[PDB]
Amino acid sequence: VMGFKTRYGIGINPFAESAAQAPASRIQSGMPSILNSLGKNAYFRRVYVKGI
Amino acid sequence: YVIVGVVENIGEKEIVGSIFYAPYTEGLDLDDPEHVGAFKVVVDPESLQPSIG
């Protein structure tokens, strides 16, 4: 038998939100939860394109 | 409780005391022969995590 294993974690860059002068609670998750990052990361902007 | 007893070792064979322990290692290829006994590692067949004893 055999198989392969990986461990990593991903996360949100501090100040990615851009919309605030201060963080909540001072210890925050860096994970992309809905509240923390859905549609909020200032480093990226998405546009749908129609009509091509 | 309080117990008293004896440990004496004259030499070669004349070893005396209560409870000789006298461990058995012969037949084992040991890493550090002063260890007494030996380790084995298997690793699971389903989960693949290690199992040592």
# chains A, B, ... in the order shown; residues from 1 in each chain; ligands from 1
$ interface_residues --of "chain A" --to "chain B" --cutoff "10 Å" --atoms "only C-alpha atoms" --output "ChimeraX atom specification"
/A:1-4
$ select_by_dssp --residues "chain B" --states "strand (DSSP E or B)" --output "PyMOL selection string"
chain B and resi 7-11+14-17+41+52
$ atom_distance --atom1 "atom CA of residue A:33" --atom2 "atom CA of residue A:14"
14.3 Å
$ residues_around --residues "residue B:35" --least-positions-apart "6" --cutoff "12 Å" --atoms "only C-alpha atoms" --output "VMD selection string"
chain B and resid 23 to 25 28 to 29
$ residues_around --residues "residue A:19" --least-positions-apart "4" --cutoff "10 Å" --atoms "only C-alpha atoms" --output "ChimeraX atom specification"
/A:15,40-42
$ atom_distance --atom1 "atom CA of residue A:10" --atom2 "atom CA of residue A:48"
25.3 Å
$ residues_around --residues "residue B:52" --least-positions-apart "6" --cutoff "9 Å" --atoms "only C-alpha atoms" --output "number ranges by chain"
B: 39-43
$ select_by_dssp --residues "chain A" --states "alpha helix (DSSP H)" --output "ChimeraX atom specification"
/A:34-37
$ write_last_selection --atoms "C-alpha atoms" --output "PDB file, in the first residue's frame"
ATOM      1  CA  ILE A  34     -17.020  34.282   4.546  1.00  0.00           C
ATOM      2  CA  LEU A  35     -16.912  37.072   7.067  1.00  0.00           C
ATOM      3  CA  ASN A  36     -13.195  37.618   6.730  1.00  0.00           C
ATOM      4  CA  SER A  37     -12.775  37.648   2.963  1.00  0.00           C
TER       5      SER A  37
END
$ atom_distance --atom1 "atom CA of residue B:36" --atom2 "atom CA of residue B:20"
15.0 Å
$ decode --residues "stretch 5-19 of chain B" --atoms "N, CA, C and O atoms" --output "PDB file, in the first residue's frame"
ATOM      1  N   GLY B   5      18.389  -6.136  52.913  1.00  0.00           N
ATOM      2  CA  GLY B   5      18.779  -7.305  52.156  1.00  0.00           C
ATOM      3  C   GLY B   5      20.174  -7.202  51.624  1.00  0.00           C
ATOM      4  O   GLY B   5      20.907  -6.257  51.930  1.00  0.00           O
ATOM      5  N   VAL B   6      20.566  -8.182  50.830  1.00  0.00           N
ATOM      6  CA  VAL B   6      21.935  -8.179  50.365  1.00  0.00           C
ATOM      7  C   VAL B   6      22.196  -8.296  48.886  1.00  0.00           C
ATOM      8  O   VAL B   6      21.526  -9.022  48.162  1.00  0.00           O
ATOM      9  N   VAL B   7      23.214  -7.553  48.478  1.00  0.00           N
ATOM     10  CA  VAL B   7      23.836  -7.590  47.172  1.00  0.00           C
ATOM     11  C   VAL B   7      25.336  -7.742  47.360  1.00  0.00           C
ATOM     12  O   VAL B   7      25.982  -6.808  47.857  1.00  0.00           O
ATOM     13  N   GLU B   8      25.890  -8.865  46.914  1.00  0.00           N
ATOM     14  CA  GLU B   8      27.330  -9.113  46.973  1.00  0.00           C
ATOM     15  C   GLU B   8      27.799  -9.703  45.651  1.00  0.00           C
ATOM     16  O   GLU B   8      27.113 -10.516  45.030  1.00  0.00           O
ATOM     17  N   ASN B   9      28.996  -9.333  45.237  1.00  0.00           N
ATOM     18  CA  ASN B   9      29.547  -9.875  44.012  1.00  0.00           C
ATOM     19  C   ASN B   9      31.036 -10.072  44.173  1.00  0.00           C
ATOM     20  O   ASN B   9      31.807  -9.110  44.172  1.00  0.00           O
ATOM     21  N   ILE B  10      31.411 -11.320  44.395  1.00  0.00           N
ATOM     22  CA  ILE B  10      32.785 -11.723  44.610  1.00  0.00           C
ATOM     23  C   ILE B  10      33.516 -11.681  43.284  1.00  0.00           C
ATOM     24  O   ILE B  10      34.676 -11.277  43.204  1.00  0.00           O
ATOM     25  N   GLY B  11      32.842 -12.185  42.260  1.00  0.00           N
ATOM     26  CA  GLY B  11      33.370 -12.221  40.911  1.00  0.00           C
ATOM     27  C   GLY B  11      33.147 -13.529  40.160  1.00  0.00           C
ATOM     28  O   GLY B  11      33.014 -14.620  40.737  1.00  0.00           O
ATOM     29  N   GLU B  12      33.108 -13.388  38.834  1.00  0.00           N
ATOM     30  CA  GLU B  12      32.949 -14.442  37.824  1.00  0.00           C
ATOM     31  C   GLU B  12      31.605 -15.158  37.862  1.00  0.00           C
ATOM     32  O   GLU B  12      30.856 -15.115  36.890  1.00  0.00           O
ATOM     33  N   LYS B  13      31.327 -15.833  38.976  1.00  0.00           N
ATOM     34  CA  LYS B  13      30.084 -16.561  39.178  1.00  0.00           C
ATOM     35  C   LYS B  13      29.497 -16.321  40.545  1.00  0.00           C
ATOM     36  O   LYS B  13      28.326 -16.614  40.796  1.00  0.00           O
ATOM     37  N   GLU B  14      30.313 -15.881  41.494  1.00  0.00           N
ATOM     38  CA  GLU B  14      29.828 -15.807  42.866  1.00  0.00           C
ATOM     39  C   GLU B  14      29.100 -14.500  43.154  1.00  0.00           C
ATOM     40  O   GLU B  14      29.588 -13.577  43.823  1.00  0.00           O
ATOM     41  N   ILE B  15      27.906 -14.463  42.593  1.00  0.00           N
ATOM     42  CA  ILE B  15      26.996 -13.341  42.623  1.00  0.00           C
ATOM     43  C   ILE B  15      25.813 -13.735  43.490  1.00  0.00           C
ATOM     44  O   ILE B  15      25.156 -14.747  43.244  1.00  0.00           O
ATOM     45  N   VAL B  16      25.579 -12.960  44.539  1.00  0.00           N
ATOM     46  CA  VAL B  16      24.540 -13.253  45.513  1.00  0.00           C
ATOM     47  C   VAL B  16      23.596 -12.117  45.832  1.00  0.00           C
ATOM     48  O   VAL B  16      24.009 -10.991  46.110  1.00  0.00           O
ATOM     49  N   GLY B  17      22.312 -12.419  45.860  1.00  0.00           N
ATOM     50  CA  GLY B  17      21.344 -11.426  46.266  1.00  0.00           C
ATOM     51  C   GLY B  17      19.943 -11.945  46.114  1.00  0.00           C
ATOM     52  O   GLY B  17      19.738 -13.007  45.530  1.00  0.00           O
ATOM     53  N   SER B  18      18.996 -11.205  46.674  1.00  0.00           N
ATOM     54  CA  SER B  18      17.584 -11.558  46.623  1.00  0.00           C
ATOM     55  C   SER B  18      16.967 -10.924  45.408  1.00  0.00           C
ATOM     56  O   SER B  18      16.961  -9.703  45.322  1.00  0.00           O
ATOM     57  N   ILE B  19      16.492 -11.754  44.475  1.00  0.00           N
ATOM     58  CA  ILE B  19      15.920 -11.351  43.198  1.00  0.00           C
ATOM     59  C   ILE B  19      17.029 -11.025  42.219  1.00  0.00           C
ATOM     60  O   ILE B  19      17.547  -9.929  42.198  1.00  0.00           O
TER      61      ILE B  19
END
